[PDB]
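Notes to accompany the following structure.
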Number of protein chains: 4
Amino acid sequence: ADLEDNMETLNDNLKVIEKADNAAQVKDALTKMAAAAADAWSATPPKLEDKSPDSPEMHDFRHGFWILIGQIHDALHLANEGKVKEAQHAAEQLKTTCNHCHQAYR
Amino acid sequence: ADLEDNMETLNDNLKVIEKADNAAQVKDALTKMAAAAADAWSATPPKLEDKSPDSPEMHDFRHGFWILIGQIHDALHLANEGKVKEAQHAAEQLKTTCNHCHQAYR
Amino acid sequence: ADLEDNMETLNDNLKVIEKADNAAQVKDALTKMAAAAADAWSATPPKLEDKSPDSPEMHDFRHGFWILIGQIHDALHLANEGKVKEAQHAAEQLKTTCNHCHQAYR
Amino acid sequence: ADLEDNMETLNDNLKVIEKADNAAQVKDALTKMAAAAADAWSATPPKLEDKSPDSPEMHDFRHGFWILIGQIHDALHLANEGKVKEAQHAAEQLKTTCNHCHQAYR
Ligand code: HEM
Ligand code: HEM
Ligand code: HEM
Ligand code: HEM
Ligand SMILES: [Cl-]
Ligand SMILES: [Cl-]
Ligand SMILES: [Cl-]
Ligand SMILES: [Cl-]
Ligand SMILES: [Cl-]
Ligand SMILES: [Mg+2]
Ligand SMILES: [Mg+2]
Ligand SMILES: [Mg+2]
Ligand SMILES: [Mg+2]
Ligand SMILES: [Zn+2]
Ligand SMILES: [Zn+2]
Ligand SMILES: [Zn+2]
Ligand SMILES: [Zn+2]
Ligand SMILES: [Zn+2]
Ligand SMILES: [Zn+2]
Ligand SMILES: [Zn+2]
Ligand SMILES: [Zn+2]
């Protein structure tokens with residue numbers, strides 16, 4: 001999928017997680033976020049289109065996806081263990097990763 | 001790219017890293033491995049073609065990619081710091097991740 | 001050292017990182033935080049003194065140190081790469097981990 | 001505890017995990033390994049006794065503990081999810097980390 005659609009998937013599933021009542025809902029949403037974050041790896045955003053594909057700037061951009069991907073990984077373990085509230089808290093906390101990349105690269 | 005092509009990219013760049021004698025070669029190779037691992041996320045392996053796309057078995061398959069992605073992340077930091085030998089050691093260590101997924105799913 | 005001494009080390013060095021001008025200052029501070037976080041692992045916090053040493057509650061308490069330790073690890077790589085502002089951002093993101101444990105267990 | 005006691009704890013519990021029949025046995029063993037790895041952070045290994053406690057060499061030594069600690073974290077999630085075999089495999093994958101540090105520093 002394109003970067004924009006992967007970002008919409010992240011947005012939409014964050015809201016699903018916030019409103020969720022049970023593990024299954026949170027797991028399903030985190031599963032979708034994991035796939036969107038991994039698929040976003042290949043994208044070059046408009047504001048870096050004039051940089052070389054493996055420039056320093058592109059390395060720093062992609063670092064944020066490593067952080068996000070790691071955070072989703074941990075949140076899904078918590079949800080898998082039935083720690084629904086803790087998985088929800090983890091999802092709220094990773095908004096900072098979203099925000100940090102947007103501040104620099106959106 | 002398809003799973004087989006991403007796997008060839010991973011395999012080829014691991015060999016580049018082994019033979020490398022400067023940071024740039026190792027960084028470039030790890031960069032390519034990071035992209036191939038992320039792109040592999042969406043693939044259904046032949047052995048699980050008869051399972052639902054977000055079955056338990058497919059969750060367990062994809063878990064190995066989180067591990068691999070994390071290991072590539074750390075190796076690139078070591079290479080970025082000019083610790084070329086230590087980045088090469090990290091690359092050797094992450095073969096265990098490759099091997100473990102292959103044993104269960106190849 | 002006891003938990004309170006390790007907490008003072010964490011608190012003091014977070015402030016050092018905020019006010020730092022160069023990578024060496026940030027690296028030194030993160031180094032100290034890494035040691036304090038690892039040493040804090042063995043502590044029983046006052047509010048869980050009435051629980052068994054390896055109770056579920058104590059497992060959930062120690063999970064926060066895994067998160068903190070991992071965040072310090074990554075921040076030090078950023079500082080080692082000379083990315084002072086990015087290491088400072090990572091340090092600010094650490095506070096969420098600090099705050100979350102305090103809310104639940106202090 | 002001293003480094004040798006922490007190393008014996010790691011070694012003993014790896015063998016417990018290998019022979020284990022159920023999740024509880026594996027979780028208990030991984031719990032003990034987590035504590036030993038964190039406690040090992042403060043130790044100076046004999047072969048670096050002539051280096052300053054926060055020398056470059058000591059930084060490189062301690063990096064291996066970040067790796068080990070992270071791996072134990074993940075293994076315990078797998079055990080917590082009831083994935084006994086997969087937690088056992090993760091414990092076996094740990095040995096690469098053990099071996100790497102031993103080769104350079106033991
Ligand atoms: C959970 C975390 C995140 C959420 C919820 C999120 C959400 C969004 C949304 C809703 C958009 C607008 C999408 C559209 O065009 O319709 C967007 C755009 C963008 N995001 Fe994210 N994002 C996240 C994480 C990240 C991270 C980690 C990075 C960089 C490493 C990033 C980089 C971007 C960029 C470059 C755009 C602009 C291109 C675009 O419009 O798609 N995002 N994000
Ligand atoms: C650096 C790590 C890895 C390396 C070097 C590696 C290398 C390879 C190679 C050479 C192949 C042969 C087929 C081809 O060229 O496409 C292959 C196939 C495969 N690998 Fe990997 N791999 C790695 C990691 C992983 C991981 C972590 C997983 C699963 C989580 C995985 C799953 C598979 C599967 C399912 C196949 C069979 C593909 C098919 O039959 O179409 N690999 N890998
Ligand atoms: C950078 C992160 C953190 C900072 C800056 C920080 C700072 C502090 C400070 C200033 C105190 C005051 C108590 C004292 O030192 O006498 C404290 C107490 C405490 N912190 Fe943290 N902390 C951090 C992370 C954590 C984490 C991750 C946990 C749990 C996983 C935690 C658990 C506690 C507990 C239980 C106390 C109460 C100790 C007592 O009452 O004796 N802290 N922390
Ligand atoms: C699961 C992983 C590991 C296992 C099973 C393990 C096991 C052992 C054992 C059985 C010893 C002999 C201890 C003695 O009685 O004196 C030892 C020594 C040692 N290990 Fe490890 N180890 C592991 C990981 C590590 C790591 C990651 C490092 C370094 C980062 C490390 C550094 C050392 C050093 C320096 C010694 C020699 C000092 C001593 O004798 O205690 N080990 N290890
Ligand atoms: Cl929570
Ligand atoms: Cl404890
Ligand atoms: Cl970086
Ligand atoms: Cl147990
Ligand atoms: Cl080495
Ligand atoms: Mg969706
Ligand atoms: Mg080839
Ligand atoms: Mg005291
Ligand atoms: Mg799992
Ligand atoms: Zn975790
Ligand atoms: Zn590292
Ligand atoms: Zn090495
Ligand atoms: Zn990093
Ligand atoms: Zn930043
Ligand atoms: Zn909280
Ligand atoms: Zn995991
Ligand atoms: Zn296995």
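Keep in mind that the numbers below use all heavy atoms, side chains included, and drop hydrogens, waters and symmetry copies. Every chain is numbered from 1 and lettered A, B, ... according to where its sequence line falls, protein lines coming before strand lines.
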### Task
To the nearest 0.5 Å, tell me how far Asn99(B) CG sits from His89(D) NE2.
12.5 Å

### Query
Which region of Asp60(D), side chain (C-beta onward) or backbone (N, CA, C, O), has a non-hydrogen atom less than 4.5 Å from a non-hydrogen atom of chain B, or is it both or neither?
side chain

#### Entry: Spacing of CD belonging to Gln93(B) relative to CD belonging to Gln93(D), to within rounding of 0.5 Å
12.0 Å

### Query
Below 4.5 Å, heavy atoms only, C-beta onward: do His63(D) and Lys83(B) meet side chain to side chain?
no

### Query
Considering only heavy atoms, which portion of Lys95(B) lies under 4.5 Å from any heavy atom of chain D: side chain, backbone, both, or neither?
neither

### Query
Contact part of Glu92(B) toward chain D, heavy-atom cut-off under 4.5 Å: side chain, backbone, both or neither?
neither

